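K.L.:
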Amino acid sequence: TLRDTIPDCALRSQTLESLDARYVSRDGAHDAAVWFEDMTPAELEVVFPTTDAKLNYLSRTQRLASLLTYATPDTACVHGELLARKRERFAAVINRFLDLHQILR
Amino acid sequence: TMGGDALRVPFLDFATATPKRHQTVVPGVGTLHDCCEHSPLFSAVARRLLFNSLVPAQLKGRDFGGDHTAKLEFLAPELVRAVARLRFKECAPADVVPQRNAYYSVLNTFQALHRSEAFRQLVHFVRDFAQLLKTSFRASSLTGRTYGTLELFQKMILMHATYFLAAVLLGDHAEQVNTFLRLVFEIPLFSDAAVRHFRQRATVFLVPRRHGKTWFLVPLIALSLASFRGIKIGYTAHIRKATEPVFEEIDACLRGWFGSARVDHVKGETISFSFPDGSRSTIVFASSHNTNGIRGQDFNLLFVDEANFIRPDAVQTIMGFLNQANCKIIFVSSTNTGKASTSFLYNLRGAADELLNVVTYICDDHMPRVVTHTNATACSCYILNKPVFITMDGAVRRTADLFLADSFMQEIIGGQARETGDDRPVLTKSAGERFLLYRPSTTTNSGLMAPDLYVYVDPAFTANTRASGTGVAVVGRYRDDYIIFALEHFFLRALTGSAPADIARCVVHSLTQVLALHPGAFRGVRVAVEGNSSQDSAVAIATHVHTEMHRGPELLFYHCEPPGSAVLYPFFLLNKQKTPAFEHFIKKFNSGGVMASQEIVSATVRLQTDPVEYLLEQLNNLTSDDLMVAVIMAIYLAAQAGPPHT
Amino acid sequence: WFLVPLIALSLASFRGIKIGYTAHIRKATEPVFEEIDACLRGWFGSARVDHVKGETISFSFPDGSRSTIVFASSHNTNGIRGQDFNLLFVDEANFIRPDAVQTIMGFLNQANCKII
Amino acid sequence: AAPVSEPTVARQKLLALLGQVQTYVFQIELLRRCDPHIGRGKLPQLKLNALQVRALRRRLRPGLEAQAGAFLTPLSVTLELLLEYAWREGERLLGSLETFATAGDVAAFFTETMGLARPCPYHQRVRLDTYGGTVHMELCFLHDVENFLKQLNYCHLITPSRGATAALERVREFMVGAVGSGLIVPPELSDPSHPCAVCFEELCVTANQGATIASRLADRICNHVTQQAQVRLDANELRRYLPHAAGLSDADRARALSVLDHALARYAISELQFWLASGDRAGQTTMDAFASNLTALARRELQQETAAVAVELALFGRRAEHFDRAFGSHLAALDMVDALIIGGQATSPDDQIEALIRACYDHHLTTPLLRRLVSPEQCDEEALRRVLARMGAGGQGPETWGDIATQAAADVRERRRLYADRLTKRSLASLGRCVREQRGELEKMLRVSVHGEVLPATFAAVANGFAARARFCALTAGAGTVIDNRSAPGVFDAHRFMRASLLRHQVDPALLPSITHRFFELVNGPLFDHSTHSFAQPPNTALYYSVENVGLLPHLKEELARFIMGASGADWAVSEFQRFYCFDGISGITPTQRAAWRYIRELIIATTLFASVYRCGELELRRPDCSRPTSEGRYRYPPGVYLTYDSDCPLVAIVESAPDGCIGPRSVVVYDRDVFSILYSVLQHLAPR
Amino acid sequence: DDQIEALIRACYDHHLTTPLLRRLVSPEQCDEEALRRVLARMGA
Amino acid sequence: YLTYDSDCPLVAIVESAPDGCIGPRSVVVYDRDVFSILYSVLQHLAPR
Amino acid sequence: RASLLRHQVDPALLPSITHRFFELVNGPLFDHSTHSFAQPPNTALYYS
Ligand SMILES: [Zn+2]
Ligand SMILES: [Zn+2]
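Residue numbers (my numbering), protein chains in the order written: chain A, 1 to 105; chain B, 106 to 751; chain C, 752 to 867; chain D, 868 to 1556; chain E, 1557 to 1600; chain F, 1601 to 1648; chain G, 1649 to 1696.
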């Protein structure tokens, strides 16, 4: 009793809105289940087999994407300037963090 | 007695599609994916709604909802009736067998903290403190403003005491107790660093005249004794004529809202609270300063009352207590602004961190007293009880006439005036310290330098005056920052016949040294001689610099076409560009973008003081300035403007 | 922490010894008094605990016997004449107590004394 | 003890649903980077999950709608954000996946999902819309939501109700996009330099050695609107989990391991020199150690990459092109810093901090200046011991090089040793702070930052005040006998009579503290409470917090602290006949707030003098922003005179409400603008009893 | 009373003095300070 | 028990007997790894 | 392993761990820790 949506649909040649109107938006829809399918692909678990490893990659690619979009002619975005300032300050901070410990010796 | 309803919930075995290799168990909820632990937006909501059950009802607040902490756990009736008809899946049998075990076992370590008397001691201490301060500290029985208020330091002291006593009496629960004391002090969202700060020992307090200094420590002790079991709070003081009042005010309430049978009292010495099962905790008074306090067993507090003028020959027992392994010498004090600097303790701020805290109402600069104005208590605001006899004056002129150190006191006259006049510092102390300490070695990182030197000379053409110094700076670009290669603060010999050449010889000597230290680095040196003082004298300096340098890098001068003239003179006129130059400098300096060369050159500032240290003393006057002006302007020139030439 | 149980058990077990317990300045000996008599009266009956302040402590036995811990900390008298001391638990000999070495050297002459 | 309340099991059900939805958003953020050919395999799963999220609303929709209008809580705010971000990004990614298999190109799939061709959808317009002047701000960053919610909190006595709960729906529309993920924060909208509202209380509560907070607040990373998540990643993570995979029930789990071992047996480090370098070059240096560590890290990364490629080839047959490979050409032409910030999908962002610390800290550093870092508490303890012990008891000017060069060489020979002896003998307390600050500023930039619990908490704390005010405005309209007095056919007489009868008495200067407190209690906002805690604080402190966070000019704090310090009829009565809360002739933000402080002072002093003259009334001066709801749909507004801050009908006098608290048929209430007419109407009721 | 206000606003501006202005706005603190001074001078 | 034996080191005796010996009411868990031993101990001791 | 590696070692328990380490590492010959007048396990290990 109280079946899920995956035993309900059984057909996947359609658009999302049709299925919405046919299974979840009908007045007679019993809607008596909540079960989120596992969407991670095995072709990705076999290489990143750890939530920490799946999060480090998910953050590295996020940083890459945020670098690529900010690097017709508007160019007047505060986020590009913020990323530039952050990169410059990070470079200048690591600069005075290796030399400072070179001096202390 | 059983607490709230958040630690008794049933299983709610919804479902999971994640492999057991990933799933984690959050207490109070089922078993969810591992990604729900690196997301604080969930692991900080699912954990706060748990410890919001251990918190008693006398600690939620004063208007928090009748039955629950509405600000954390409240669902509208419509939403409750809507999520009621929401039904998850049902866990598979082979998966529900271990899931229920994991769930009811990860929750047992909470229904086990709610029972241990070691934690019940802390809960009782905090709840009694709250319920007994509700009506301000008085002779109540413990059975329009009507609720008492702890000022800021009266709360910092309570936190310093409670967090340490919890970390000491509860070591096996150093995680379930931090995130409970957070909820009990209404201090969540607080990183573990700024809470572990309260775990440290020997945190000195400097308090103004009265501020309920003594009125607060006696209830603190009375509740920290009759709640915990196995601590001996040492309470030293000044001359022991002041400690007997503490005796009486502790034992009056300690016997007032409790039974006298458990109140053990000997005159002039220790006081002891006994518990109905062979337990006793005392407040043994180290005020004798002779014996009975050298051997330490469970002191852990050492409530030193007044460390302003330390008691004679009583520092030996204190320093011996500092050797005890679990002692947190609270070190209360009272600088009543009658001296404003208990330099016996105030010198601690020199080399230390997170040690002492001052409850001050006037800053270092006595002009921005309005910084801490809305914080000064309203009870201590009494005046002559008459604004004016007959006068119509605004609050500004009234407070000017009625200044009296802004607190009816007789604070130090001089220095920072009474009318603030929008006076503030400009360069942060932190950037200043880094300017002093981190100095790139330019002679060995020459590849990082731009091939142009910029020099500014800000001349003074008098002698035998303190403002008669000539400032010289030679700077350049280092990466995208600015670095100082040389500094001079030069003082004319009196009645020389050649002041411009003396100044020129000074700058040429500086340049030469900079050039020799970095051979082949520079293609150009650009020189600006400020001409505000004397155009002719500035021109003469440029001419001598020009000639002397003629004995490679090309030498260019900034030129100026004075108003109404067609002539280009080799001087610089400082006017409209001052404000932009200063503004840019301040921003660059504060962000770490201006520095001094490790091998910075100075002939004139070498024997008495470090040149960078000397420059920084001038710079800290931003709100004799020849050096500061030369440095700021040399940098502005290295920055961007109109072209200077040959 | 170890010598007080040692004494408390070496008194209430043997019969006929008088353990001398000297120390530094006598401000440190009264703590020994209290920590010996608290347990000696704790895990035993107070009737057999004979105690005089600042001086000897005595344990009595149900058949006309008594063994004491007479305190030579006074360093003046009551310790020169030795009968059954045999222990002389000198606590801190790092900086010897002023003018207290004479009684110690006299105790060294006693035939059955083991100055710990 | 068996019966547990429904709003307790409902909260657990909502927490479970929040966990499931957070997991789903994680899977979504993963599929936005996997190869499309593999993502298309999970097309039915993604479609089913989007269907489930759609069906999850339309049930929580009315519940969360009735919640948003009555006392939001930090649970149903993050729940709304996540159920919106899922319903958004799931459908967006599904559209981007169904666009695939039609064009069949990958480099244009990672420009749709990862958003490389968007017009930067991180901008918004707030238009606070106060009284007198409608100031408008734009929400670009994460701290720009904190600095707007604190502004709307401070300017709450000046802002209409439905003009604020319509500028909060414009903040939530941005938060759904920025903090809606709740799992990772894009580097664009995160400025850790700007301090938050809870790291201002840190400095107020922790120890300050002089150094007023205005100067301590500028050396902070604020660590609360974004966190660090402390991700750790082992070395041989691929070889560990290879013999244990989801499918692979065949012996292929052995041949895959064989190919892994066979391929294992089978950063632009050349750019460090252009950085600033000090000291001697011959021999070991910090730069050399850093280069060696980075080379080791790059070698581990390359080995992991080739092993992953070989394993995917041997197991499934096709080498997949994920985001880090389809755009792998842009990971080659990367500078040292641009590839140090990002990078290390094999290593961890903590391994780079390890490689830096192992380079800056060797056995040759020093005896001192090394123990203060490993124990910054023993240093201050020793300093305290030291403090206690000390307090217990000419001519021949040369032209050529041979002389000026020699004198400059001597001067630099002295000065290079001067500061070198400064950094070692003195300046230990300054170095122990500079290094522990640069290290924090580094770890905050390199570690994986996720999200902080601040925004969905302060948003709720701010919105609850306006929700409660709009709720009290409309809950009293439906009551028993209403005596609405905003129409004045015969009220001038009773207003002037009472104003004259009250202006005849002095303010009783023995009551000025009890008036200053009730002024700082009305003026303060709903966010910074600090006065209804169990360990309460004086209302002046709860106001200092709320007024110092939003940077207020110092020349206005005296106008606030010294407002009722002076209290005749001048500066006493400011309201006209019916224009009590009217800001018609005032524009701006500060001169529009002075006019509100004046009305609040007039109300407080008039109520005090009315309690003093006509002793019959009690006149508990209350505020509707308090009285949070109990277990369900009950608010129990007690009797008193509420300010309500609403320029439409400000003063609401609840003289006799009910014996249980609610507002029903025995709840005669008096609406009015003016204060003295309110007091007259209260007198006409409370007196004949 | 407005004429008295117009006279006082004319005789009392911000430039009058630091002293001789606080004794009018508080003729009690002046005598209190005088008592303190007398007691301190007669003490020693 | 650690047992120091590289063949089957960790031996968890969760419920042995009310008198001490090892007989029919003496469910024991053999394992090499430690965390699996702890999981097997949890699956037994928790539902009691 | 994940559910246990999520917590710190509680540095208030390090003596009770060092003792149970010196008690496992020690051998059976030099007992010196189960006598009536026992000695700390570090001494029973120093002997062995
Ligand atoms: Zn943008
Ligand atoms: Zn912060």
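Idealized CB from N, CA, C, for every residue including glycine.
1. How about C/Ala779: is its C-beta nearer than 9 Å to some C-beta of chain B?
2. Evaluate the contact criterion for the segment 1058 to 1068 of chain D versus the segment 107 to 124 of chain B: three or more CB pairs, one atom per stretch, below 8 Å.
3. Strictly below 9 Å CB to CB, what residues from chain G border residue 753 of chain B?
4. Over the uninterrupted alpha helix (DSSP H) stretch that includes G/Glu1671, give me the two end residues.
5. Mind listing the chain B neighbours of C/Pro782? Cutoff is C-beta to C-beta under 9 Å, in chain order.
6. Excluding the 5 residues flanking B/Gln281 on each side, which residues of the same chain have their C-beta closer than 6 Å to its C-beta?
7. To which residues does DSSP link D/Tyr989 through a beta bridge?
8. Only counting the same chain, and skipping five residues up and downstream in sequence, which positions put a Cβ closer than 6 Å to that of B/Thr751?
9. Under 7 Å between beta-carbons, which chain G residues line up against F/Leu1610? List them in chain order, please.
10. In chain A, which residues lie less than 7 Å from B/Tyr543 when you measure between Cβ atoms?
11. Do the segment 179 to 198 of chain B and the segment 209 to 224 of chain B meet, that is, are 3 or more Cβ pairs less than 8 Å apart?
12. Give the list of continuous alpha helix (DSSP H) stretches no shorter than 4 residues that lie fully inside the segment 1018 to 1087 of chain D.
13. Which class does B/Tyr561 belong to by DSSP, given the choice of helix, strand or coil?
14. Mind pulling the chain F residues with CB within less than 8 Å of B/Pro132?
15. Looking at chain B, which residues of the segment 4 to 15 of chain A have a Cβ within less than 8 Å of any of its Cβ atoms?
16. Between the Cα of B/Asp470 and the Cα atoms of B/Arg529, B/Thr440, B/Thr477, which residue gives the shortest distance?
17. For B/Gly602, count neighbouring Cβ atoms within 10 angstroms of its own Cβ and tell me buried if that reaches 16, exposed if not.
18. Which chain B residues sit within Cβ distance under 7 Å of D/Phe1015?
19. Secondary structure at D/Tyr1286, three-state DSSP: helix, strand or coil?
20. Should B/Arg598 go down as buried or exposed, given a rule of 16 or more other Cβ atoms within 10 Å for buried?
21. Under 9 Å between C-beta atoms, does B/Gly698 make it to chain A?
22. To which residues of the same chain is C/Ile787 closer than 8 Å at the C-beta, ignoring the five residues directly before and after it?
23. Can you name the start and end residues of the beta strand (DSSP E) that D/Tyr1509 belongs to?
24. D/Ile1088: beta carbon under 8 Å from a heavy atom of ligand 2?
25. Identify whether B/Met261 lies in helix, strand or coil by the three-state DSSP scheme.
26. Does any residue of chain B bring its CB to less than 9 Å from the CB of F/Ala1646?
27. For D/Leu1553 and D/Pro1505, I'd like the C-alpha separation in whole angstroms.
28. Starting from the Cα of D/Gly1146, find the closest Cα among B/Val734, B/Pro748, B/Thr714, B/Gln703 and give me that residue.
29. Could you give the first and the last residue of the continuous beta strand (DSSP E) run that contains B/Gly629?
30. Could you tell me whether any non-hydrogen atom of ligand 1 is closer than 8 Å to the CB of D/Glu1055?
31. Would you kindly check if the distance between the Cβ of B/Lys693 and the Cβ of B/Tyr587 is under 9 Å?
32. What do you reckon, are the CB atoms on B/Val613 and B/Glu653 nearer than 9 Å?
33. Relative to the alpha-carbon of F/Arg1625, which residue among F/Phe1635, F/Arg1632, F/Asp1631, F/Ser1616 has its alpha-carbon at the smallest distance?
34. Under 9 Å, Cβ to Cβ, is there at least one residue of chain G near B/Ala272?
35. Terminal residues of the continuous beta strand (DSSP E) containing B/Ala578?
36. Looking at the C-beta of D/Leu1223, does it have a partner C-beta in chain A at a distance below 9 Å?
P.N.:
Short version:
1. Looking up residue 779 of chain C in the third sequence gives position 28. At least one chain B Cβ lies under 9 Å of C/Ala779.
2. no
3. Outside the shown range of chain B, which is 106 to 751, sits residue 753 of chain B, and nothing can be said about it.
4. As a first step, residue 1671 of chain G must be located in the seventh sequence, where it is residue number 23. Segment 1662 to 1673, the alpha helix (DSSP H) holding G/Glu1671.
5. Along the third sequence, read from residue 1 onward, the residue named residue 782 of chain C stands at position 31. Residues of chain B passing the Cβ test: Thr396, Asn397, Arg400.
6. Along the second sequence, one-based indexing puts residue 281 of chain B at 176. Sequence-distant Cβ neighbours of B/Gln281 in its own chain, meaning closer than 6 Å and more than five residues away, are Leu218.
7. Taking the fourth sequence and counting its residues from 1, one reaches residue 989 of chain D at position 122. Answer by DSSP bridge pairing: none, since D/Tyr989 is not bridged.
8. The count along the second sequence starts at 1 and reaches residue 751 of chain B at position 646. The residues are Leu661.
9. Translated into the one-based positions of the sixth sequence, residue 1610 of chain F becomes position 10. The CB of F/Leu1610 never comes closer than 7 Å to any CB in chain G; the least such distance is about 12 Å.
10. Against the second sequence, residue 543 of chain B aligns to sequence position 438. Within 7 Å Cβ-Cβ: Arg96, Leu100.
11. no
12. 1036 to 1045, 1066 to 1072, 1080 to 1083
13. Start at 1 with the first residue of the second sequence, and residue 561 of chain B comes out as number 456. Strand at B/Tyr561.
14. Start at 1 with the first residue of the second sequence, and residue 132 of chain B comes out as number 27. Those do not exist, as B/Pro132 stays about 13 Å from chain F at its closest Cβ, beyond 8 Å.
15. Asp4
16. Along the second sequence, one-based indexing puts residue 470 of chain B at 365. Here the closest residue by C-alpha is B/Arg529.
17. The sequence position of residue 602 of chain B within the second sequence is 497, counting from 1. Per the 10 Å Cβ criterion, exposed.
18. One-based indexing of the fourth sequence puts residue 1015 of chain D at position 148. The premise fails here: D/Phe1015 is roughly 18 Å from chain B at the closest Cβ pair, so nothing lies under 7 Å.
19. Here residue 1286 of chain D is taken as the residue at index 419 of the fourth sequence, counted from 1. If DSSP states are grouped into helix, strand and coil, D/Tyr1286 belongs with the helices.
20. Sequence index remark: in the second sequence, residue 598 of chain B carries index 493 (1-based). The residue in question, B/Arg598, is exposed, as its Cβ has fewer than 16 Cβ neighbours within 10 Å.
21. As a working note, residue 698 of chain B is residue 593 in the second sequence. Answer yes: the Cβ-Cβ gap between B/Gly698 and chain A drops below 9 Å somewhere.
22. Locating residue 787 of chain C in the third sequence gives position 36, counting from the first residue. These residues qualify, in order along the chain: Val755, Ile758, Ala759, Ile808, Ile820.
23. Residue 1509 of chain D sits at position 642 when you count from the first residue of the fourth sequence. 1507 to 1509 is the extent of the beta strand (DSSP E) around D/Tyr1509.
24. The sequence position of residue 1088 of chain D within the fourth sequence is 221, counting from 1. It does: the Cβ of D/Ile1088 is within 8 Å (strictly closer) of some heavy atom of ligand 2.
25. Looking up residue 261 of chain B in the second sequence gives position 156. Note: B/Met261 maps to helix in three-state DSSP.
26. The sequence position of residue 1646 of chain F within the sixth sequence is 46, counting from 1. Yes, F/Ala1646 counts as interfacial toward chain B.
27. For the purposes of this step, residue 1553 of chain D is taken as the residue at position 686 of the fourth sequence. For the purposes of this step, residue 1505 of chain D is taken as the residue at position 638 of the fourth sequence. Near 15 Å, if we compare the C-alpha coordinates of D/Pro1505 and D/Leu1553.
28. Mapped onto the fourth sequence, residue 1146 of chain D falls at position 279. Closest by alpha carbon: B/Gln703.
29. Mapped onto the second sequence, residue 629 of chain B falls at position 524. First-last of the beta strand (DSSP E) with B/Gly629: 629 to 634.
30. In the fourth sequence, residue 1055 of chain D corresponds to position 188, counting from 1. Look at D/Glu1055: its beta carbon is less than 8 Å from one of the heavy atoms in ligand 1.
31. Taking the second sequence and counting its residues from 1, the one referred to as residue 587 of chain B is at position 482. Taking the second sequence and counting its residues from 1, the one referred to as residue 693 of chain B is at position 588. In contact: B/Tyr587 and B/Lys693 (Cβ atoms closer than 9 Å).
32. Walking along the second sequence from the start, residue 613 of chain B turns up at place 508. Walking along the second sequence from the start, residue 653 of chain B turns up at place 548. Yes, the pair counts as a contact, with Cβ atoms nearer than the cut-off.
33. By one-based count along the sixth sequence, residue 1625 of chain F stands at place 25. Measuring from the Cα of F/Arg1625, the nearest candidate turns out to be F/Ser1616.
34. Here the question's residue 272 of chain B lines up with position 167 in the second sequence. Taking Cβ atoms only, chain G reaches closer than 9 Å to B/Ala272, which makes this a yes.
35. Within the second sequence, the letter at position 473 stands for residue 578 of chain B. Counting along the chain, the beta strand (DSSP E) containing B/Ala578 begins and ends at 574 to 583.
36. As a working note, residue 1223 of chain D is residue 356 in the fourth sequence. True, the Cβ-Cβ gap to chain A drops below 9 Å.
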